[PDB]
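Peer 1: Coordinates in target22.pdb, PDB, C-alpha atoms, are listed below.
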```pdb
ATOM      1  CA  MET A   1      63.483  82.213  24.779
ATOM      2  CA  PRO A   2      59.761  83.101  25.273
ATOM      3  CA  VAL A   3      57.206  80.903  23.483
ATOM      4  CA  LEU A   4      53.399  80.446  23.619
ATOM      5  CA  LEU A   5      51.697  78.159  26.132
ATOM      6  CA  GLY A   6      51.247  75.013  24.011
ATOM      7  CA  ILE A   7      54.247  74.894  21.661
ATOM      8  CA  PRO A   8      56.588  72.939  24.081
ATOM      9  CA  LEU A   9      54.034  70.083  24.223
ATOM     10  CA  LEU A  10      53.640  69.876  20.428
ATOM     11  CA  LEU A  11      57.426  69.438  20.231
ATOM     12  CA  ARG A  12      57.540  66.649  22.843
ATOM     13  CA  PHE A  13      54.648  64.782  21.151
ATOM     14  CA  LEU A  14      56.209  64.896  17.653
ATOM     15  CA  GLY A  15      59.063  62.777  19.071
ATOM     16  CA  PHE A  16      56.844  60.261  20.883
ATOM     17  CA  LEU A  17      55.124  59.183  17.670
ATOM     18  CA  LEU A  18      58.525  58.899  15.957
ATOM     19  CA  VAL A  19      59.993  56.644  18.665
ATOM     20  CA  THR A  20      56.814  54.515  18.740
ATOM     21  CA  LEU A  21      56.769  54.074  14.943
ATOM     22  CA  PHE A  22      60.538  53.441  14.764
ATOM     23  CA  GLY A  23      59.845  50.872  17.503
ATOM     24  CA  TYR A  24      57.458  48.898  15.270
ATOM     25  CA  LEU A  25      59.922  48.768  12.355
ATOM     26  CA  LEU A  26      62.409  47.041  14.692
ATOM     27  CA  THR A  27      59.845  44.402  15.763
ATOM     28  CA  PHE A  28      59.091  43.552  12.123
ATOM     29  CA  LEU A  29      62.771  43.427  11.102
ATOM     30  CA  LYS A  30      63.484  40.780  13.767
ATOM     31  CA  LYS A  31      60.521  38.687  12.542
ATOM     32  CA  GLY A  32      61.845  38.563   8.956
ATOM     33  CA  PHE A  33      65.258  37.353  10.168
ATOM     34  CA  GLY A  34      63.353  34.476  11.814
ATOM     35  CA  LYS A  35      61.909  33.383   8.456
ATOM     36  CA  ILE A  36      65.438  32.925   7.044
ATOM     37  CA  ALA A  37      66.159  30.748  10.099
ATOM     38  CA  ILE A  38      63.110  28.520   9.458
ATOM     39  CA  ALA A  39      63.933  28.316   5.720
ATOM     40  CA  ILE A  40      67.583  27.229   6.184
ATOM     41  CA  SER A  41      66.554  24.656   8.807
ATOM     42  CA  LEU A  42      63.934  23.156   6.450
ATOM     43  CA  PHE A  43      66.354  22.763   3.511
ATOM     44  CA  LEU A  44      69.096  21.041   5.513
ATOM     45  CA  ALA A  45      66.468  18.797   7.108
ATOM     46  CA  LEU A  46      65.188  17.571   3.735
ATOM     47  CA  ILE A  47      68.755  16.696   2.673
ATOM     48  CA  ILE A  48      69.559  14.758   5.876
ATOM     49  CA  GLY A  49      66.189  13.014   5.352
ATOM     50  CA  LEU A  50      66.805  11.775   1.787
ATOM     51  CA  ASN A  51      70.187  10.377   2.874
ATOM     52  CA  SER A  52      68.487   8.046   5.374
ATOM     53  CA  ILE A  53      66.137   6.594   2.736
ATOM     54  CA  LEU A  54      68.756   6.036   0.021
ATOM     55  CA  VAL A  55      71.331   4.376   2.310
ATOM     56  CA  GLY A  56      68.569   1.951   3.373
ATOM     57  CA  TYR A  57      67.980   0.389  -0.053
ATOM     58  CA  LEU A  58      71.520  -0.898  -0.552
ATOM     59  CA  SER A  59      71.424  -3.569   2.150
ATOM     60  CA  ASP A  60      69.384  -6.396   0.603
ATOM     61  CA  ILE A  61      70.514  -6.042  -3.015
ATOM     62  CA  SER A  62      74.032  -7.058  -1.970
ATOM     63  CA  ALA A  63      76.274  -9.650  -3.647
ATOM     64  CA  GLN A  64      79.989 -10.526  -3.705
ATOM     65  CA  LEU A  65      82.318 -11.683  -6.501
ATOM     66  CA  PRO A  66      82.669 -15.525  -6.653
ATOM     67  CA  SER A  67      86.059 -16.826  -5.495
ATOM     68  CA  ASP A  68      87.038 -18.357  -8.858
ATOM     69  CA  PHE A  69      87.123 -15.007 -10.681
ATOM     70  CA  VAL A  70      89.920 -13.670  -8.462
ATOM     71  CA  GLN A  71      92.963 -15.376 -10.028
ATOM     72  CA  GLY A  72      91.989 -13.395 -13.149
ATOM     73  CA  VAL A  73      91.620  -9.882 -11.718
ATOM     74  CA  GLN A  74      94.911 -10.353  -9.820
ATOM     75  CA  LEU A  75      96.932 -10.821 -13.030
ATOM     76  CA  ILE A  76      95.795  -7.720 -14.887
ATOM     77  CA  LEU A  77      95.372  -5.107 -12.142
ATOM     78  CA  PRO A  78      98.036  -2.321 -12.055
ATOM     79  CA  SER A  79      99.109  -0.561  -8.850
ATOM     80  CA  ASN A  80      97.309   2.742  -9.500
ATOM     81  CA  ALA A  81      93.973   1.023 -10.259
ATOM     82  CA  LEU A  82      92.192   1.035  -6.882
ATOM     83  CA  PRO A  83      93.889   4.350  -5.800
ATOM     84  CA  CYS A  84      92.311   5.975  -8.900
ATOM     85  CA  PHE A  85      88.812   4.660  -8.104
ATOM     86  CA  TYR A  86      88.968   6.235  -4.638
ATOM     87  CA  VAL A  87      89.779   9.616  -6.237
ATOM     88  CA  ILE A  88      86.618   9.389  -8.383
ATOM     89  CA  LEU A  89      84.711   8.991  -5.099
ATOM     90  CA  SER A  90      86.422  11.865  -3.276
ATOM     91  CA  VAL A  91      85.914  14.377  -6.104
ATOM     92  CA  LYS A  92      82.177  13.661  -5.744
ATOM     93  CA  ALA A  93      82.015  14.456  -1.992
ATOM     94  CA  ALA A  94      83.996  17.714  -2.437
ATOM     95  CA  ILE A  95      81.494  19.024  -5.021
ATOM     96  CA  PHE A  96      78.561  18.294  -2.652
ATOM     97  CA  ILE A  97      80.111  20.419   0.121
ATOM     98  CA  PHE A  98      80.840  23.238  -2.369
ATOM     99  CA  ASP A  99      77.188  23.163  -3.515
ATOM    100  CA  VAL A 100      75.614  23.234  -0.025
ATOM    101  CA  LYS A 101      77.956  26.016   1.160
ATOM    102  CA  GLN A 102      77.279  28.082  -2.008
ATOM    103  CA  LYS A 103      73.516  28.028  -1.270
ATOM    104  CA  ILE A 104      73.946  29.289   2.318
ATOM    105  CA  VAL A 105      75.722  32.430   1.008
ATOM    106  CA  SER A 106      72.698  33.136  -1.228
ATOM    107  CA  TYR A 107      70.442  33.480   1.840
ATOM    108  CA  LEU A 108      72.196  36.822   2.435
ATOM    109  CA  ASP A 109      69.881  38.271  -0.249
ATOM    110  CA  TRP A 110      66.706  37.293   1.636
ATOM    111  CA  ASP A 111      67.178  40.294   3.958
ATOM    112  CA  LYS A 112      66.719  43.270   1.623
TER     113      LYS A 112
ATOM    114  CA  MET B   1      49.277  72.151  32.412
ATOM    115  CA  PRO B   2      47.672  75.201  30.678
ATOM    116  CA  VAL B   3      47.638  75.201  26.863
ATOM    117  CA  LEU B   4      45.962  77.299  24.122
ATOM    118  CA  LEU B   5      42.444  76.597  22.868
ATOM    119  CA  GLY B   6      43.218  74.516  19.757
ATOM    120  CA  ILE B   7      46.373  72.538  20.577
ATOM    121  CA  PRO B   8      44.554  69.490  22.170
ATOM    122  CA  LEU B   9      42.623  68.943  18.903
ATOM    123  CA  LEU B  10      45.753  69.106  16.716
ATOM    124  CA  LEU B  11      47.219  66.343  18.903
ATOM    125  CA  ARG B  12      44.147  64.086  18.622
ATOM    126  CA  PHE B  13      44.006  64.544  14.817
ATOM    127  CA  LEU B  14      47.703  63.696  14.263
ATOM    128  CA  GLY B  15      46.905  60.212  15.631
ATOM    129  CA  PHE B  16      43.742  59.677  13.572
ATOM    130  CA  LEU B  17      45.603  60.016  10.276
ATOM    131  CA  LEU B  18      48.305  57.648  11.570
ATOM    132  CA  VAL B  19      45.813  54.925  12.547
ATOM    133  CA  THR B  20      43.928  55.336   9.242
ATOM    134  CA  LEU B  21      47.121  55.098   7.152
ATOM    135  CA  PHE B  22      48.508  52.196   9.223
ATOM    136  CA  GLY B  23      45.086  50.623   8.592
ATOM    137  CA  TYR B  24      45.576  50.685   4.806
ATOM    138  CA  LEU B  25      49.026  49.058   4.991
ATOM    139  CA  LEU B  26      47.398  46.094   6.775
ATOM    140  CA  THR B  27      44.718  45.698   4.064
ATOM    141  CA  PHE B  28      47.388  45.600   1.342
ATOM    142  CA  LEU B  29      49.631  43.159   3.243
ATOM    143  CA  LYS B  30      46.778  40.623   3.472
ATOM    144  CA  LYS B  31      46.127  40.948  -0.287
ATOM    145  CA  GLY B  32      49.741  40.070  -1.181
ATOM    146  CA  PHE B  33      49.604  36.928   0.983
ATOM    147  CA  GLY B  34      46.597  35.917  -1.152
ATOM    148  CA  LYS B  35      48.688  36.071  -4.340
ATOM    149  CA  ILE B  36      51.120  33.480  -2.918
ATOM    150  CA  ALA B  37      48.065  31.292  -2.229
ATOM    151  CA  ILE B  38      46.831  31.557  -5.845
ATOM    152  CA  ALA B  39      50.365  30.942  -7.191
ATOM    153  CA  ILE B  40      51.010  27.755  -5.154
ATOM    154  CA  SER B  41      47.563  26.396  -6.066
ATOM    155  CA  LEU B  42      48.215  26.976  -9.795
ATOM    156  CA  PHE B  43      51.592  25.175  -9.801
ATOM    157  CA  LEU B  44      50.354  22.056  -8.005
ATOM    158  CA  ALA B  45      47.308  21.997 -10.285
ATOM    159  CA  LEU B  46      49.439  21.943 -13.444
ATOM    160  CA  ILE B  47      51.451  19.000 -12.068
ATOM    161  CA  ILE B  48      48.368  16.940 -11.115
ATOM    162  CA  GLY B  49      47.049  17.780 -14.611
ATOM    163  CA  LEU B  50      50.048  16.503 -16.611
ATOM    164  CA  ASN B  51      49.956  13.238 -14.636
ATOM    165  CA  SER B  52      46.434  12.496 -15.905
ATOM    166  CA  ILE B  53      47.432  12.948 -19.563
ATOM    167  CA  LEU B  54      50.644  10.896 -19.442
ATOM    168  CA  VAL B  55      49.128   7.920 -17.579
ATOM    169  CA  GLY B  56      46.434   7.813 -20.294
TER     170      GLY B  56
END
```
Please express what this file holds, its structure, as structure tokens.
Peer 2:
Amino acid sequence: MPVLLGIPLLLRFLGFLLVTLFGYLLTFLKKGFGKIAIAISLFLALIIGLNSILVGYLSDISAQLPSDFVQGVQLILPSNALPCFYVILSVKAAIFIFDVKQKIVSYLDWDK
Amino acid sequence: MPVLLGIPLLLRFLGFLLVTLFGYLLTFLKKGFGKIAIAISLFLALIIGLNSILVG
């Protein structure tokens, strides 16, 4: 299909610019997915950090019940007493895992 | 590779506009990273400010 002497080179060039420019958009996309990697890392590192401080206070402020105040406690205590206490400590843990995991699903809105 | 008398200047011009326009996007990017500098500054300055009142 006959054409002029310069048209075939205008048509090859208009698809070199497009591939180059669509090449830059890719490079920048990948960079922004690296920010959400740095961010997540930081957060989880600050949590693991606080843990190590707090668990390091409780070692020198320690005391035990005198041995004379046992005969008392072991006359009044039911069977479901200590089992109940443990529940109040397991419900706490569960809620902390729910909270951390709910904040990792919100990082899916950082790539928009 | 023989071409007409005006095609080589259409091809040089279509890459002058692109570099000029891609030049403006850079200028505006840098401005928006300056807003997040002003913002952070402000916040930390309001905290340091309250401290000085309360301890007084």
Peer 1: Here's the selection I'm unsure about, the PyMOL selection byres ((chain A) within 9 of (chain B)); applied to the file above, which residues does it give, as a PyMOL selection string?
Peer 2: chain A and resi 4-7+9-10+13+17
Peer 1: Quick one: pull the distance between CA of residue 32 (chain A) and CA of residue 111 (chain A), Å, one decimal.
Peer 2: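 Computing it gives 7.5 Å between the two atoms.
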Peer 1: Show me, as a list in words, the residues that have an atom within 12 Å of region 98-101 of chain A when counting only C-alpha atoms, minus same-chain residues fewer than 4 positions from it.
Peer 2: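 Answer for this query is residues 40, 43, 44, 47, 48, 91, 92, 93, 94, 105, 106 and 107 of chain A.
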Peer 1: Can you tell me how far CA of residue 27 (chain B) sits from CA of residue 28 (chain A), in Å to one decimal?
Peer 2: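 So the answer is 16.6 Å.
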Peer 1: In Å to one decimal, how far is CA of residue 110 (chain A) from CA of residue 37 (chain A)?
Peer 2: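 For CA of residue 37 (chain A) relative to CA of residue 110 (chain A), the distance reads 10.7 Å.
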